[PDB]
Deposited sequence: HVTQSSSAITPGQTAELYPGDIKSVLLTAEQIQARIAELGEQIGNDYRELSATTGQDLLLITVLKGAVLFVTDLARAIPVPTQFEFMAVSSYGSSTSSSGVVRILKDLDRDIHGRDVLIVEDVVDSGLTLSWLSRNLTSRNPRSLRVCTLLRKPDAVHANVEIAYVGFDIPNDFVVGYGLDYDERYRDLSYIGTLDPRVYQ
């Protein structure tokens, strides 16, 4: 079912270990806020927060498509004012959702707003949103694992692999 392993568990964990310090050094009297959209990046944000050597807090959101604009099924539980926000994504490509999210959050008057992603694809050029932190640059091929799914499966994989068309 998994054709090939794009990134092993140890490779992923070593990269996040690097990201943690890089993020930590930049944000080094309130805690850094990690904001994640359910649920492709829960494994990533749980590892990333532990990798960040400065105190960090969690906030989750749940959105849905309308069928560039998304429906909010679950909003933030806290006001964002004067807080350093770090949006945490799993995969960014033709992601207009991220574009919408950055605008929706900056309207709430954060003190800062950056974006960190584990995976970036070549089609992320067509998105209007800056990304300060990128784990890996991968091809456009459909990958699953480490939070990434295909019909809600393969999320529990600890590595990132490529699907065979089945």
> Which segments of the deposited sequence lack C-alpha coordinates in the modelled structure, numbering from residue 1?
Replying inline: 1-20, 49-54, 94-99, 199-201
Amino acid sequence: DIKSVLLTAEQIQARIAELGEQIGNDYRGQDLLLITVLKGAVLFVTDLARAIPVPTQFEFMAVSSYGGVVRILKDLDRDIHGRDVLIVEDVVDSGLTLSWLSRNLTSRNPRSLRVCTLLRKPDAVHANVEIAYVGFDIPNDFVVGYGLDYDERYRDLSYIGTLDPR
From here on, numbers count along this sequence of modelled residues.
>> Using only C-alpha atoms and the B-factors in the entry, which stretch averages higher, 121-129 or 43-51?
In response: 121-129
> Which has the higher mean CA temperature factor in the PDB entry, 135-143 or 102-110?
Replying inline: 102-110
>> Based on the deposited C-alpha B factors for this chain, I'd like to know if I160 is in the lowest, middle or highest third.
In response: lowest
> Which third of the chain holds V92 when residues are ordered by C-alpha B factor: lowest, middle or highest?
Replying inline: middle
> Would the CA B-factor of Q11 place it in the lowest, middle or highest third of its chain?
Replying inline: lowest
> In terms of the chain's CA B-factor thirds, is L86 lowest, middle or highest?
Replying inline: lowest
>> Ranking every modelled residue in this chain by its Cα temperature factor as given in the entry, which third contains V115?
In response: lowest
